[PDB]
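S.K.: Structure: work-v2.txt, compact mmCIF, C-alpha atoms.
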# COMPACT_ATOMS: atom_id res chain seq x y z
CA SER B 1 130.21 207.38 181.61
CA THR B 2 133.66 205.98 180.95
CA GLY B 3 136.44 204.23 182.83
CA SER B 4 140.16 203.85 182.23
CA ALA B 5 142.54 201.63 184.19
CA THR B 6 146.15 200.65 183.78
CA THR B 7 146.90 196.95 183.43
CA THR B 8 150.33 195.69 184.52
CA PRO B 9 152.18 192.44 183.69
CA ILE B 10 152.51 190.16 186.70
CA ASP B 11 156.06 189.09 185.80
CA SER B 12 158.91 189.61 183.34
CA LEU B 13 157.32 187.28 180.75
CA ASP B 14 153.91 188.96 180.56
CA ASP B 15 152.31 185.72 181.77
CA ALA B 16 149.20 187.68 182.73
CA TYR B 17 148.12 191.24 183.46
CA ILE B 18 146.52 192.64 186.60
CA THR B 19 144.22 195.64 186.86
CA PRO B 20 143.18 197.28 190.15
CA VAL B 21 139.46 197.00 190.93
CA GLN B 22 137.63 198.72 193.80
CA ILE B 23 135.07 196.48 195.51
CA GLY B 24 132.73 197.51 198.31
CA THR B 25 132.35 200.44 200.68
CA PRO B 26 134.85 201.57 201.81
CA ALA B 27 136.70 200.36 198.73
CA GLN B 28 138.75 197.19 198.93
CA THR B 29 141.20 197.26 196.02
CA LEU B 30 142.02 193.88 194.50
CA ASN B 31 144.23 193.24 191.48
CA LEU B 32 142.19 191.19 189.02
CA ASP B 33 143.01 189.36 185.81
CA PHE B 34 140.66 190.80 183.16
CA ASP B 35 139.64 187.80 181.06
CA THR B 36 137.76 188.21 177.77
CA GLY B 37 137.51 184.39 177.66
CA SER B 38 135.30 183.95 180.73
CA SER B 39 132.34 185.61 182.37
CA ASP B 40 132.72 185.38 186.17
CA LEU B 41 134.04 188.10 188.46
CA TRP B 42 135.48 186.07 191.31
CA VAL B 43 137.84 187.01 194.12
CA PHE B 44 139.95 185.58 196.87
CA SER B 45 138.01 186.35 200.02
CA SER B 46 137.68 186.01 203.78
CA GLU B 47 135.77 182.80 202.91
CA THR B 48 138.62 181.20 200.95
CA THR B 49 140.05 178.10 202.63
CA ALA B 50 142.98 179.51 204.60
CA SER B 51 145.56 177.01 203.30
CA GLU B 52 144.65 178.05 199.73
CA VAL B 53 145.53 181.72 200.31
CA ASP B 54 149.22 182.58 199.93
CA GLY B 55 149.82 186.32 199.64
CA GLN B 56 146.71 187.42 197.72
CA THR B 57 144.66 190.38 198.83
CA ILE B 58 141.22 189.23 199.92
CA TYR B 59 137.74 190.71 199.72
CA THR B 60 135.98 190.70 203.10
CA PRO B 61 132.26 191.28 202.46
CA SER B 62 131.50 191.75 206.16
CA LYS B 63 133.62 194.94 206.04
CA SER B 64 131.64 196.38 203.10
CA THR B 65 128.50 198.29 204.01
CA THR B 66 127.13 197.76 200.48
CA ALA B 67 127.73 193.99 200.27
CA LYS B 68 124.68 191.72 200.27
CA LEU B 69 124.69 187.93 200.15
CA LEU B 70 122.98 186.72 196.98
CA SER B 71 120.95 184.12 198.78
CA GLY B 72 121.29 180.57 197.49
CA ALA B 73 123.71 181.46 194.72
CA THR B 74 126.82 179.38 194.11
CA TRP B 75 129.42 179.27 191.38
CA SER B 76 132.02 176.84 190.11
CA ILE B 77 134.33 177.32 187.17
CA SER B 78 136.98 175.31 185.36
CA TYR B 79 139.35 177.02 182.95
CA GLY B 80 141.05 175.72 179.82
CA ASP B 81 144.36 175.34 181.68
CA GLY B 82 142.86 172.90 184.19
CA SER B 83 142.52 175.41 187.03
CA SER B 84 139.27 175.93 188.91
CA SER B 85 137.55 177.78 191.74
CA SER B 86 134.14 177.86 193.43
CA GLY B 87 132.16 179.55 196.15
CA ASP B 88 129.17 181.74 196.98
CA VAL B 89 128.07 185.16 195.74
CA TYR B 90 127.59 188.69 197.02
CA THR B 91 126.38 191.76 195.25
CA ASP B 92 128.42 194.89 195.84
CA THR B 93 129.63 198.10 194.25
CA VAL B 94 132.52 197.56 191.83
CA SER B 95 134.55 200.32 190.19
CA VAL B 96 137.16 200.03 187.45
CA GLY B 97 139.16 203.09 186.49
CA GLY B 98 136.43 205.46 187.69
CA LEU B 99 133.49 203.53 186.20
CA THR B 100 131.12 202.28 188.91
CA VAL B 101 128.56 199.47 188.78
CA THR B 102 126.21 198.95 191.70
CA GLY B 103 124.81 195.51 192.39
CA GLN B 104 127.59 193.65 190.60
CA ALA B 105 127.80 189.94 191.37
CA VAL B 106 131.10 189.39 193.21
CA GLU B 107 131.78 185.67 193.38
CA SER B 108 133.58 184.90 196.62
CA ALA B 109 135.91 181.91 196.45
CA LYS B 110 135.60 179.24 199.06
CA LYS B 111 138.01 176.98 197.15
CA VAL B 112 140.65 177.70 194.51
CA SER B 113 142.92 175.28 192.70
CA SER B 114 146.64 175.16 193.35
CA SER B 115 147.66 177.31 190.39
CA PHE B 116 145.69 180.23 191.83
CA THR B 117 147.09 179.77 195.33
CA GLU B 118 150.62 179.63 193.91
CA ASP B 119 150.21 182.96 192.09
CA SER B 120 150.28 185.62 194.79
CA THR B 121 149.89 188.46 192.28
CA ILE B 122 146.36 187.64 191.05
CA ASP B 123 143.54 188.32 193.51
CA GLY B 124 140.80 187.03 191.20
CA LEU B 125 139.37 187.29 187.70
CA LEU B 126 137.07 189.81 186.03
CA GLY B 127 135.32 188.09 183.14
CA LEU B 128 134.59 190.04 179.97
CA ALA B 129 133.16 187.34 177.68
CA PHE B 130 129.40 187.10 177.16
CA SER B 131 127.18 186.68 180.20
CA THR B 132 125.77 183.42 178.81
CA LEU B 133 128.99 181.79 180.13
CA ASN B 134 128.56 183.02 183.71
CA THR B 135 128.52 180.06 186.09
CA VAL B 136 126.34 181.39 188.93
CA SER B 137 123.49 179.05 189.79
CA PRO B 138 120.52 179.03 189.99
CA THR B 139 120.36 182.59 188.60
CA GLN B 140 123.05 183.43 186.06
CA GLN B 141 124.67 186.82 186.65
CA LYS B 142 125.88 189.56 184.31
CA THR B 143 129.46 190.61 183.73
CA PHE B 144 130.77 193.98 184.82
CA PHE B 145 130.69 195.14 181.19
CA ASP B 146 127.12 193.96 180.67
CA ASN B 147 126.01 195.80 183.81
CA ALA B 148 127.88 198.97 182.82
CA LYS B 149 126.98 198.94 179.12
CA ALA B 150 123.82 201.04 179.19
CA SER B 151 125.57 203.81 181.16
CA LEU B 152 128.65 203.95 178.95
CA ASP B 153 129.10 206.68 176.37
CA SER B 154 129.54 203.91 173.79
CA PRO B 155 128.96 200.17 174.46
CA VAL B 156 132.60 199.19 174.04
CA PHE B 157 135.74 198.35 175.93
CA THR B 158 139.30 198.29 174.61
CA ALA B 159 142.36 196.24 175.48
CA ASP B 160 145.79 197.81 174.94
CA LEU B 161 148.19 195.32 176.49
CA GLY B 162 151.86 196.20 176.75
CA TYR B 163 154.90 194.16 175.80
CA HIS B 164 156.99 194.00 178.97
CA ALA B 165 155.21 197.19 180.03
CA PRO B 166 151.89 198.40 181.44
CA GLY B 167 148.90 198.97 179.19
CA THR B 168 145.30 200.11 179.47
CA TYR B 169 141.74 198.86 179.63
CA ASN B 170 139.22 201.54 178.66
CA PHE B 171 135.44 201.33 179.00
CA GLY B 172 132.97 203.40 177.01
CA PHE B 173 135.29 205.19 174.57
CA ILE B 174 137.94 204.58 171.94
CA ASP B 175 141.19 206.49 172.59
CA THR B 176 142.11 207.59 169.07
CA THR B 177 145.63 208.49 170.26
CA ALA B 178 146.37 204.90 171.34
CA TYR B 179 146.82 203.31 167.90
CA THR B 180 148.23 204.02 164.46
CA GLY B 181 146.37 203.84 161.18
CA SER B 182 142.76 202.71 161.24
CA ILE B 183 140.83 200.12 163.23
CA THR B 184 139.62 197.18 161.13
CA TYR B 185 136.41 195.66 162.43
CA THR B 186 135.46 192.03 161.93
CA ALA B 187 132.38 189.95 162.66
CA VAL B 188 131.89 188.12 165.96
CA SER B 189 129.95 184.95 166.70
CA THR B 190 128.58 184.79 170.24
CA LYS B 191 127.28 181.21 169.81
CA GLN B 192 129.89 179.78 172.21
CA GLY B 193 129.83 182.79 174.54
CA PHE B 194 133.24 184.07 173.40
CA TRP B 195 134.54 186.96 171.32
CA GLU B 196 134.88 184.51 168.44
CA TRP B 197 136.03 185.79 165.04
CA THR B 198 137.73 184.57 161.86
CA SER B 199 141.23 185.68 160.94
CA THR B 200 141.90 185.89 157.22
CA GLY B 201 145.33 184.23 157.31
CA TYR B 202 148.92 184.49 158.39
CA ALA B 203 152.53 185.03 157.41
CA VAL B 204 155.77 183.85 159.01
CA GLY B 205 158.53 186.44 159.12
CA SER B 206 159.00 188.09 155.74
CA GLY B 207 157.23 185.21 153.99
CA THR B 208 154.20 185.42 151.77
CA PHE B 209 150.79 185.82 153.35
CA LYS B 210 148.68 182.66 153.32
CA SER B 211 144.99 183.44 152.90
CA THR B 212 143.06 180.97 155.03
CA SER B 213 140.19 181.31 157.49
CA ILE B 214 141.20 180.73 161.13
CA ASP B 215 138.28 180.81 163.59
CA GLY B 216 139.34 181.64 167.12
CA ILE B 217 138.67 183.68 170.23
CA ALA B 218 140.13 186.96 171.47
CA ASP B 219 141.16 185.92 175.00
CA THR B 220 143.04 188.32 177.27
CA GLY B 221 143.13 185.64 179.98
CA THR B 222 145.27 183.25 177.91
CA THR B 223 148.99 183.99 177.72
CA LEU B 224 149.91 182.40 174.40
CA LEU B 225 148.71 182.19 170.79
CA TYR B 226 147.17 178.77 170.04
CA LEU B 227 146.65 178.00 166.35
CA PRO B 228 146.17 174.98 164.08
CA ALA B 229 149.05 172.52 163.99
CA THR B 230 149.75 173.27 160.32
CA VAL B 231 150.23 176.99 161.04
CA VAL B 232 152.34 176.39 164.13
CA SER B 233 154.58 173.89 162.31
CA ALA B 234 155.11 176.42 159.52
CA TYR B 235 156.19 179.04 162.07
CA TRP B 236 158.63 176.88 164.05
CA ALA B 237 160.14 175.40 160.88
CA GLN B 238 161.73 178.84 160.42
CA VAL B 239 163.60 178.57 163.75
CA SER B 240 166.69 176.37 163.60
CA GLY B 241 166.58 173.73 166.31
CA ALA B 242 162.95 174.32 167.29
CA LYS B 243 160.91 171.20 167.97
CA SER B 244 157.74 170.05 169.66
CA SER B 245 158.57 168.41 172.97
CA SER B 246 155.96 166.05 174.41
CA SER B 247 157.78 166.10 177.75
CA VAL B 248 157.79 169.89 178.03
CA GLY B 249 154.31 170.29 176.55
CA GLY B 250 154.83 172.20 173.32
CA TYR B 251 157.29 173.81 170.99
CA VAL B 252 160.66 174.76 172.43
CA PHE B 253 163.56 176.47 170.71
CA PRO B 254 167.20 177.32 171.44
CA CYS B 255 167.43 180.39 173.61
CA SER B 256 170.20 181.61 171.26
CA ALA B 257 167.74 181.87 168.37
CA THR B 258 166.35 185.09 166.93
CA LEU B 259 162.64 184.50 166.35
CA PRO B 260 160.78 185.62 163.22
CA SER B 261 157.67 187.74 163.44
CA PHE B 262 154.20 186.29 162.93
CA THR B 263 151.48 188.20 161.05
CA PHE B 264 147.77 187.51 161.32
CA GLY B 265 145.02 188.88 159.10
CA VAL B 266 142.03 190.94 160.20
CA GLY B 267 140.01 191.39 157.05
CA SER B 268 142.40 193.01 154.60
CA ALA B 269 144.51 194.40 157.46
CA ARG B 270 147.54 192.77 159.05
CA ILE B 271 148.76 192.67 162.66
CA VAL B 272 152.46 191.90 163.08
CA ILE B 273 153.63 190.13 166.24
CA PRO B 274 157.38 190.84 166.62
CA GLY B 275 159.55 187.78 167.12
CA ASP B 276 160.55 188.88 170.61
CA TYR B 277 156.91 188.66 171.74
CA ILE B 278 157.05 184.90 171.00
CA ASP B 279 159.92 184.20 173.44
CA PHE B 280 158.71 182.87 176.81
CA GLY B 281 162.16 182.19 178.15
CA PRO B 282 163.90 179.15 179.60
CA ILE B 283 161.73 176.12 180.26
CA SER B 284 163.36 175.92 183.72
CA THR B 285 165.81 178.26 185.40
CA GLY B 286 169.18 178.19 183.66
CA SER B 287 168.03 176.06 180.72
CA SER B 288 169.07 176.96 177.20
CA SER B 289 165.79 175.56 175.87
CA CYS B 290 163.16 178.30 175.63
CA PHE B 291 159.39 177.95 175.50
CA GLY B 292 157.56 179.19 172.42
CA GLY B 293 154.72 181.69 172.47
CA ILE B 294 152.90 180.14 169.50
CA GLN B 295 151.58 176.66 170.26
CA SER B 296 149.21 174.15 168.69
CA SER B 297 145.52 174.32 169.51
CA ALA B 298 145.02 170.73 168.36
CA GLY B 299 144.30 169.50 171.89
CA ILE B 300 142.08 172.45 172.87
CA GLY B 301 139.20 172.35 170.40
CA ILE B 302 139.42 176.08 169.63
CA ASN B 303 142.05 178.51 168.40
CA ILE B 304 142.97 181.19 170.92
CA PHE B 305 144.30 184.67 170.16
CA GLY B 306 145.78 185.17 173.60
CA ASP B 307 148.02 187.89 174.96
CA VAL B 308 150.88 187.16 172.52
CA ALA B 309 148.61 188.22 169.67
CA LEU B 310 146.47 190.82 171.42
CA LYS B 311 149.38 192.82 172.84
CA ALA B 312 150.55 193.51 169.28
CA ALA B 313 147.27 195.40 168.69
CA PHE B 314 144.83 197.92 170.04
CA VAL B 315 141.71 195.78 170.35
CA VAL B 316 138.12 197.04 170.44
CA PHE B 317 135.47 194.81 172.00
CA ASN B 318 132.30 196.33 170.55
CA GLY B 319 129.30 195.22 172.59
CA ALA B 320 126.65 196.78 170.39
CA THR B 321 123.49 194.78 169.70
CA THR B 322 125.49 192.94 167.03
CA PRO B 323 128.97 192.69 168.58
CA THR B 324 132.13 193.10 166.55
CA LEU B 325 135.88 193.16 167.20
CA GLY B 326 138.28 195.83 166.03
CA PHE B 327 142.04 195.60 165.61
CA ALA B 328 144.55 198.37 164.97
CA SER B 329 148.31 198.42 164.92
CA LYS B 330 149.98 200.58 167.54
Translate the structure described by the file into structure tokens.
M.R.:
Amino acid sequence: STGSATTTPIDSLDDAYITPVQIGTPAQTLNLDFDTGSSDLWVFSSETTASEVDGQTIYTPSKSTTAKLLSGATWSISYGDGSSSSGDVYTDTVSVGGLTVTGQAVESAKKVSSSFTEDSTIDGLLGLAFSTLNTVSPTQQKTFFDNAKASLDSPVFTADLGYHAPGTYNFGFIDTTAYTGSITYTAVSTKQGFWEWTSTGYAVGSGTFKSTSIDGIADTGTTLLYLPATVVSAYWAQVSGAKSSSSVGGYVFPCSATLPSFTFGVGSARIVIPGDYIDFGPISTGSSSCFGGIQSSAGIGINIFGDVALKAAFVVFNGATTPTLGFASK
């Protein structure tokens, strides 16, 4: 089997991408944030505290003839941005782009943190990291991809995120028309539960490539590119007037600037992020200070190849017995 679904930016900055997901019988379609940095499929629901729902579409398990309470199971998750959610668990039929999994754990939110409530466009998350990170207790549950894997034509999914445009998540096949050149594959460590890999270096604009190992994670659920402070300083030094602002929370730059590109290495290959992808717009409405899309990971504990980096590539998440990642230009 295969599946193919369009993923759509939630706003004009590409802050996140939503993908329609069919849950239950008859189908209830929710727009979920596919997140290769986490491993829970959770949704706003008829059980979510009413004051914490503000415009999201909810899953109502009592209206699904295939929903079953997973007795005794609870979940609770906290994300790198400080947000969180928790609740109970149902199993139900879940379909993405024509690919159907029966008995998928659907984590129904009883509580969500304010950042979720305040974002009416995201109805939940669909985790695509390794199932060892799934938070369901006392019996950890598998991700949608893990449940689908054996049925897929090939045990892979691909992320093709658009810049200011829709893109595609495919399951079970590699669309050879969706990229240019060849796909360069690179080793993955699953020791932390992430799609963790080592970039071979970077370049700023037309500058020389610096060969240096940068361990990080491929994370579709993180907006920005978070890299070591040395790398980030080297980038922003090429933008006149750019500076790190403690009050704003990262590097800002004059909105009148033209940003240089940023290149990262994948083996001997190179992925170029155009400068425009690094502009996240005014820090507040009407400001001439703009927020940068490359930020320091120093306070995170891990480097994160988020959407800024991934949307410059066609990315293969190869879930074979020994997983690997593939990157192609597009």
S.K.: Counting all atoms listed in the file, give me one row per residue of segment 39-154 of chain B with an atom at most 12 Å from an atom of segment 315-323 of chain B, showing the shortest contact pair and its distance in Å to one decimal, sorted by chain then residue number, as CSV.
M.R.:
residue,atom,partner,partner_atom,distance
B:128,CA,B:317,CA,9.3
B:129,CA,B:317,CA,9.7
B:130,CA,B:319,CA,9.3
B:131,CA,B:319,CA,11.6
B:145,CA,B:319,CA,8.7
B:146,CA,B:319,CA,8.5
B:147,CA,B:319,CA,11.7
B:148,CA,B:319,CA,11.0
B:149,CA,B:319,CA,7.9
B:150,CA,B:320,CA,10.2
B:152,CA,B:319,CA,10.8
B:153,CA,B:320,CA,11.8
B:154,CA,B:320,CA,8.4
S.K.: Rank B:137, B:78, B:258, B:295 by their smallest atom-to-atom distance to residue 243 of chain B, using only C-alpha atoms, and report the top residue only.
M.R.: B:295
S.K.: Distance atom CA of residue 270 of chain B-atom CA of residue 254 of chain B, one decimal place?
M.R.: 27.9 Å
S.K.: Of the residues B:35, B:108, B:136, B:54, which is the one nearest to residue 74 of chain B, using only C-alpha atoms?
M.R.: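 Under the stated criterion, the closest residue is B:136.
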S.K.: For residue 79 of chain B, find every residue with an atom within 12 Å (counting all atoms listed in the file), except residues of its own chain fewer than 4 positions away, and show them as a ChimeraX atom specification.
M.R.: /B:35,37-40,83-86,112-113,115-116,125,127,133,135,221-222,300
S.K.: Please provide the set of residues having any atom within 7 Å of residue 252 of chain B, restricted to only C-alpha atoms, with same-chain residues fewer than 5 positions apart removed, written as a list in words.
M.R.: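 Residues near the query, excluding close chain neighbours: residues 242, 243, 244, 245, 289, 290, 291 and 292 of chain B.
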S.K.: With distances taken over only C-alpha atoms, which residue among B:16, B:239, B:187, B:259 lies nearest residue 306 of chain B?
M.R.: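 Of all the options, B:16 lies closest to residue 306 of chain B.
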S.K.: For the structure just given, write the atoms of segment 241-268 of chain B, namely N, CA, C and O atoms, as a PDB file, in the first residue's frame.
M.R.:
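Final file, part-v9.pdb:
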ATOM      1  N   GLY B 241      23.479  44.850  10.682  1.00  0.00           N
ATOM      2  CA  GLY B 241      22.514  45.230  11.681  1.00  0.00           C
ATOM      3  C   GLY B 241      21.878  44.075  12.418  1.00  0.00           C
ATOM      4  O   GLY B 241      21.093  44.311  13.332  1.00  0.00           O
ATOM      5  N   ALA B 242      22.176  42.832  12.048  1.00  0.00           N
ATOM      6  CA  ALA B 242      21.620  41.705  12.781  1.00  0.00           C
ATOM      7  C   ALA B 242      22.296  41.569  14.141  1.00  0.00           C
ATOM      8  O   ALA B 242      23.489  41.833  14.296  1.00  0.00           O
ATOM      9  N   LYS B 243      21.522  41.124  15.126  1.00  0.00           N
ATOM     10  CA  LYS B 243      22.034  40.993  16.480  1.00  0.00           C
ATOM     11  C   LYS B 243      21.166  39.996  17.226  1.00  0.00           C
ATOM     12  O   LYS B 243      20.003  39.780  16.882  1.00  0.00           O
ATOM     13  N   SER B 244      21.733  39.402  18.268  1.00  0.00           N
ATOM     14  CA  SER B 244      20.960  38.563  19.163  1.00  0.00           C
ATOM     15  C   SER B 244      20.335  39.443  20.232  1.00  0.00           C
ATOM     16  O   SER B 244      21.038  40.184  20.924  1.00  0.00           O
ATOM     17  N   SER B 245      19.024  39.356  20.356  1.00  0.00           N
ATOM     18  CA  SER B 245      18.253  40.133  21.307  1.00  0.00           C
ATOM     19  C   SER B 245      17.750  39.213  22.414  1.00  0.00           C
ATOM     20  O   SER B 245      16.926  38.325  22.169  1.00  0.00           O
ATOM     21  N   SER B 246      18.236  39.436  23.634  1.00  0.00           N
ATOM     22  CA  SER B 246      17.746  38.657  24.766  1.00  0.00           C
ATOM     23  C   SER B 246      16.271  38.939  25.021  1.00  0.00           C
ATOM     24  O   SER B 246      15.522  38.037  25.413  1.00  0.00           O
ATOM     25  N   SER B 247      15.831  40.174  24.786  1.00  0.00           N
ATOM     26  CA  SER B 247      14.442  40.517  25.068  1.00  0.00           C
ATOM     27  C   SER B 247      13.498  39.871  24.067  1.00  0.00           C
ATOM     28  O   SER B 247      12.404  39.428  24.433  1.00  0.00           O
ATOM     29  N   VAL B 248      13.904  39.785  22.802  1.00  0.00           N
ATOM     30  CA  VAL B 248      13.043  39.155  21.811  1.00  0.00           C
ATOM     31  C   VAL B 248      13.149  37.637  21.879  1.00  0.00           C
ATOM     32  O   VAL B 248      12.159  36.934  21.650  1.00  0.00           O
ATOM     33  N   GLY B 249      14.324  37.108  22.206  1.00  0.00           N
ATOM     34  CA  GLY B 249      14.537  35.687  22.289  1.00  0.00           C
ATOM     35  C   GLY B 249      15.302  35.078  21.141  1.00  0.00           C
ATOM     36  O   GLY B 249      15.108  33.888  20.862  1.00  0.00           O
ATOM     37  N   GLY B 250      16.153  35.840  20.471  1.00  0.00           N
ATOM     38  CA  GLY B 250      17.003  35.284  19.443  1.00  0.00           C
ATOM     39  C   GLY B 250      17.514  36.381  18.533  1.00  0.00           C
ATOM     40  O   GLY B 250      17.395  37.581  18.824  1.00  0.00           O
ATOM     41  N   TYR B 251      18.078  35.939  17.426  1.00  0.00           N
ATOM     42  CA  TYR B 251      18.594  36.851  16.422  1.00  0.00           C
ATOM     43  C   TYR B 251      17.460  37.536  15.678  1.00  0.00           C
ATOM     44  O   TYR B 251      16.495  36.895  15.221  1.00  0.00           O
ATOM     45  N   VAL B 252      17.612  38.850  15.553  1.00  0.00           N
ATOM     46  CA  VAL B 252      16.736  39.713  14.782  1.00  0.00           C
ATOM     47  C   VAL B 252      17.598  40.457  13.781  1.00  0.00           C
ATOM     48  O   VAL B 252      18.818  40.561  13.931  1.00  0.00           O
ATOM     49  N   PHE B 253      16.950  40.979  12.748  1.00  0.00           N
ATOM     50  CA  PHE B 253      17.676  41.671  11.697  1.00  0.00           C
ATOM     51  C   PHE B 253      16.774  42.736  11.092  1.00  0.00           C
ATOM     52  O   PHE B 253      15.544  42.661  11.206  1.00  0.00           O
ATOM     53  N   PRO B 254      17.350  43.743  10.437  1.00  0.00           N
ATOM     54  CA  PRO B 254      16.513  44.789   9.841  1.00  0.00           C
ATOM     55  C   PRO B 254      15.661  44.205   8.730  1.00  0.00           C
ATOM     56  O   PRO B 254      16.157  43.515   7.844  1.00  0.00           O
ATOM     57  N   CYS B 255      14.383  44.546   8.735  1.00  0.00           N
ATOM     58  CA  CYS B 255      13.515  43.997   7.707  1.00  0.00           C
ATOM     59  C   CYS B 255      13.932  44.439   6.308  1.00  0.00           C
ATOM     60  O   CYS B 255      13.586  43.765   5.331  1.00  0.00           O
ATOM     61  N   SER B 256      14.697  45.535   6.187  1.00  0.00           N
ATOM     62  CA  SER B 256      15.210  45.992   4.904  1.00  0.00           C
ATOM     63  C   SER B 256      16.370  45.160   4.373  1.00  0.00           C
ATOM     64  O   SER B 256      16.791  45.385   3.238  1.00  0.00           O
ATOM     65  N   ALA B 257      16.895  44.224   5.155  1.00  0.00           N
ATOM     66  CA  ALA B 257      18.035  43.438   4.706  1.00  0.00           C
ATOM     67  C   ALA B 257      17.632  42.405   3.659  1.00  0.00           C
ATOM     68  O   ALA B 257      16.503  41.906   3.640  1.00  0.00           O
ATOM     69  N   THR B 258      18.583  42.075   2.794  1.00  0.00           N
ATOM     70  CA  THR B 258      18.516  40.886   1.954  1.00  0.00           C
ATOM     71  C   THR B 258      19.364  39.802   2.609  1.00  0.00           C
ATOM     72  O   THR B 258      20.552  40.016   2.860  1.00  0.00           O
ATOM     73  N   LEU B 259      18.765  38.651   2.890  1.00  0.00           N
ATOM     74  CA  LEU B 259      19.474  37.623   3.653  1.00  0.00           C
ATOM     75  C   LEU B 259      20.284  36.726   2.725  1.00  0.00           C
ATOM     76  O   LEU B 259      19.821  36.377   1.635  1.00  0.00           O
ATOM     77  N   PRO B 260      21.464  36.306   3.161  1.00  0.00           N
ATOM     78  CA  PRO B 260      22.217  35.305   2.405  1.00  0.00           C
ATOM     79  C   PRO B 260      21.621  33.915   2.580  1.00  0.00           C
ATOM     80  O   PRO B 260      20.924  33.609   3.545  1.00  0.00           O
ATOM     81  N   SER B 261      21.937  33.054   1.619  1.00  0.00           N
ATOM     82  CA  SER B 261      21.564  31.653   1.743  1.00  0.00           C
ATOM     83  C   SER B 261      22.391  30.978   2.834  1.00  0.00           C
ATOM     84  O   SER B 261      23.393  31.510   3.329  1.00  0.00           O
ATOM     85  N   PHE B 262      21.962  29.770   3.200  1.00  0.00           N
ATOM     86  CA  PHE B 262      22.692  28.935   4.135  1.00  0.00           C
ATOM     87  C   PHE B 262      22.721  27.534   3.551  1.00  0.00           C
ATOM     88  O   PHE B 262      21.671  26.994   3.203  1.00  0.00           O
ATOM     89  N   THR B 263      23.904  26.946   3.439  1.00  0.00           N
ATOM     90  CA  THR B 263      24.066  25.606   2.889  1.00  0.00           C
ATOM     91  C   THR B 263      24.423  24.655   4.017  1.00  0.00           C
ATOM     92  O   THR B 263      25.266  24.977   4.858  1.00  0.00           O
ATOM     93  N   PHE B 264      23.810  23.471   4.024  1.00  0.00           N
ATOM     94  CA  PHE B 264      24.236  22.421   4.934  1.00  0.00           C
ATOM     95  C   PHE B 264      24.645  21.178   4.152  1.00  0.00           C
ATOM     96  O   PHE B 264      24.113  20.891   3.074  1.00  0.00           O
ATOM     97  N   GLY B 265      25.601  20.439   4.712  1.00  0.00           N
ATOM     98  CA  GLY B 265      26.106  19.239   4.069  1.00  0.00           C
ATOM     99  C   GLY B 265      25.347  17.983   4.466  1.00  0.00           C
ATOM    100  O   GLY B 265      24.991  17.786   5.624  1.00  0.00           O
ATOM    101  N   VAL B 266      25.139  17.118   3.478  1.00  0.00           N
ATOM    102  CA  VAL B 266      24.611  15.777   3.685  1.00  0.00           C
ATOM    103  C   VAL B 266      25.606  14.879   2.967  1.00  0.00           C
ATOM    104  O   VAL B 266      25.612  14.826   1.735  1.00  0.00           O
ATOM    105  N   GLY B 267      26.483  14.221   3.719  1.00  0.00           N
ATOM    106  CA  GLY B 267      27.595  13.545   3.078  1.00  0.00           C
ATOM    107  C   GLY B 267      28.334  14.535   2.209  1.00  0.00           C
ATOM    108  O   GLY B 267      28.618  15.664   2.622  1.00  0.00           O
ATOM    109  N   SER B 268      28.634  14.135   0.980  1.00  0.00           N
ATOM    110  CA  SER B 268      29.299  15.030   0.043  1.00  0.00           C
ATOM    111  C   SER B 268      28.331  15.960  -0.678  1.00  0.00           C
ATOM    112  O   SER B 268      28.781  16.826  -1.442  1.00  0.00           O
TER     113      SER B 268
END
